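Read the single chain below, which is given as structure tokens and is the form deposited in one PDB entry.
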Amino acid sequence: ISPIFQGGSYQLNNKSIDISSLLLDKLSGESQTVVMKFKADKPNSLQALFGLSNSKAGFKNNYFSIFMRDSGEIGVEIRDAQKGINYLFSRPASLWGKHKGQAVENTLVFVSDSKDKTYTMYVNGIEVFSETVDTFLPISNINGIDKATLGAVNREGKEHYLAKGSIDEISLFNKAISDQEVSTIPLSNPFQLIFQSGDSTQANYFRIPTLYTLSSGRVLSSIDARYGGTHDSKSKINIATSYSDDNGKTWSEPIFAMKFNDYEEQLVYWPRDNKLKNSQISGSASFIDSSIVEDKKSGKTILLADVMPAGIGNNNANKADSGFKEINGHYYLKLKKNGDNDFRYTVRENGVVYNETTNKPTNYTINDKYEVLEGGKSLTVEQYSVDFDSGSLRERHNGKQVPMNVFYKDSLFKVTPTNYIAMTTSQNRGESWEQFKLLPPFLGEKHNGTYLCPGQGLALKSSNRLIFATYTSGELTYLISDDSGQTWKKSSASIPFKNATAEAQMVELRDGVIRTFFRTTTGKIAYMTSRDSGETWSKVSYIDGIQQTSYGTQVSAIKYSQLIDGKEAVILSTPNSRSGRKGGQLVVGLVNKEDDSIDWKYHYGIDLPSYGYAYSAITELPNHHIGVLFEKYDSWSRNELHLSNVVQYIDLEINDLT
């Protein structure tokens, strides 16, 4: 179908444009689609892009609007006082503002479907809400509509929600166009998606992106595939990976690096209302916070992540128990059997389940997938699915049997309810991943695991040394391997905050000299330095010139291969804001060879200071461009939970940054 109205190049400069004569007499039937290409790089706090209203005295609550906020939220109002209807649908973090310093043309498609009684909004090719109602209100059927307006809503003769921006194209259709038709509308996106809702992971949500450039030129990414909304563990979360062989232009369909099967992989629309948004999958095992490195000697890619047993997350993990029993300088995974009140078993060499109360081996073994065998025979448990059909979250058996795993709620043998770290490897640069193995405990029997710093590990350029940063109360705990991740030792570095989420990322400034940048509780990013390949560490310093919130955000960091302004360069990615996870920046620092101090010379704003920017990953692509995969929303805010397709990827050149 062709549009009933089509207009373009409207400048919204805090003065509404009347298009009533052009549009109102063309509106007919109860279904409509609005397609709008617009820019707003300096928006007002709250502004309407498009309005249909009754402008008459006494009818201020009879209007339809498409509005946005300077937070990047998009929404509609559909109001008719005579019908007693006041619909307000919206989603935070749905917009782009600027890319490479130029205003972005957002493509908005709003579908008002009378037959299905559903209102659906897409922005930049992403569905941001779809709302079905019992009593449908057609948008041009509001009582006494007499104004069609761009850049405001006329209420009682006055301009409300005045806009700054521009509408480069606007079309309306007297039809609810199909999802397939929507997908054919040309986009002008500054970004691309690597992981997205409906892909092979079947997770509706993603968090904690990583990026790493492999020696072959393949660029690898990992991520938390989060099923139960965007909540951290306890939940169901798998670790997924995807790679690009063409400098980030296209990406492979994701596969899993680490996955559990005690709960079904379900694509679920997690509730965002205040009553239910804290619904949390409570009986599933999960992985969370992954990190990647490449090993030169073996050629293997190595991925670590935290592992959480069923119903466990950082909040309820036993802080006083590693989950391992120490014997002669050997650590063995403890197990508790159905009906016992103690952990009376251990897993020894070749996966043999051993009874500690009698010092006898049992007829149970644990295979390499941490699954339980009896007499070489695989035990199973019944899988769970989740649903909100009852009006609240229900987790219930679904009839499918899956291998019994010691991390599962329903297992005959269960691990200590605490957090662990696991590693897996790939021999084919991320086309497949091995079965994961648990790392041993590093801080003794009676201390829970450290928390892996998501992002990249560090492969020292001049040796086979691999380092993964982790954190715990009062220190960074660097995990060091010189034998392709076969064995690990820790190097502890005290930090002057307790209770910090001290997510740390490292760069090699030069041979054997490592600077680590990390999140703190002070509002400033901190750093420390090693000059002996991670054996020992300096005291902690802080970066001036970048602000974080009190709780802080992950920072990603790389050593750029090329000189900038004749100097060695480090690039940091972080929000720059004292208020929230917003104002994303790449900050370019030039190294002073005299003392290894860094001058933070260039700040590149990823998008508007008010638009969301949280965890991020950065990598130098083989062509010397910079790839950035980042959470484009405030992942701390309790108002921005459970958003789909907000982890996004962009390509930048150094000249863009400087």
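Residue indices: 1-based, along the sequence shown.
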Segment of higher mean CA temperature factor, 189 to 197 or 563 to 571: 563 to 571
436 to 444 versus 239 to 247 - greater average Cα B-factor per the deposited record: 436 to 444
Top residue by Cα temperature factor, when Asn61, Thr33, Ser610, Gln47 are compared in the entry: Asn61
Residue, from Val540, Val128, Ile145, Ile514, that the PDB entry assigns the highest Cα B-factor: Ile145
CA B-factor placement of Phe468, once the chain's modelled residues are sorted into thirds: lowest
Third of the chain's Cα B-factor distribution that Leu214 belongs to, per the entry: lowest
Position of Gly351 among the chain's modelled residues by C-alpha B-factor, lowest, middle or highest third: highest
Position of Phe407 among the chain's modelled residues by C-alpha B-factor, lowest, middle or highest third: middle
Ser597 - which third its CA temperature factor falls in, relative to the rest of the chain: highest
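Note that the form solved in complex with a small molecule isn't included here; everything after this is about it.
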Partner-facing stretch of 33 to 41, 587 to 595, 48 to 56, 621 to 629, counted where any non-hydrogen atom is within 4.5 angstroms of the small molecule in the entry with it bound: 621 to 629
Of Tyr345, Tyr212, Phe407, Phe518, the one that lies within 4.5 Å of the small molecule in the entry with it bound (heavy atoms): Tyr212
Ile142, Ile194, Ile525, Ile558 - the one with a heavy atom within 4.5 Å of the small molecule in the entry with it bound: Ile558
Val268, heavy atom within 4.5 angstroms of the small molecule in the entry with it bound: no
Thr470 within 4.5 Å of the small molecule in the entry with it bound, heavy atoms: no
Heavy atom of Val402 within 4.5 Å of the small molecule in the entry with it bound: no
Any non-hydrogen atom of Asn204 within 4.5 angstroms of the small molecule in the entry with it bound: no
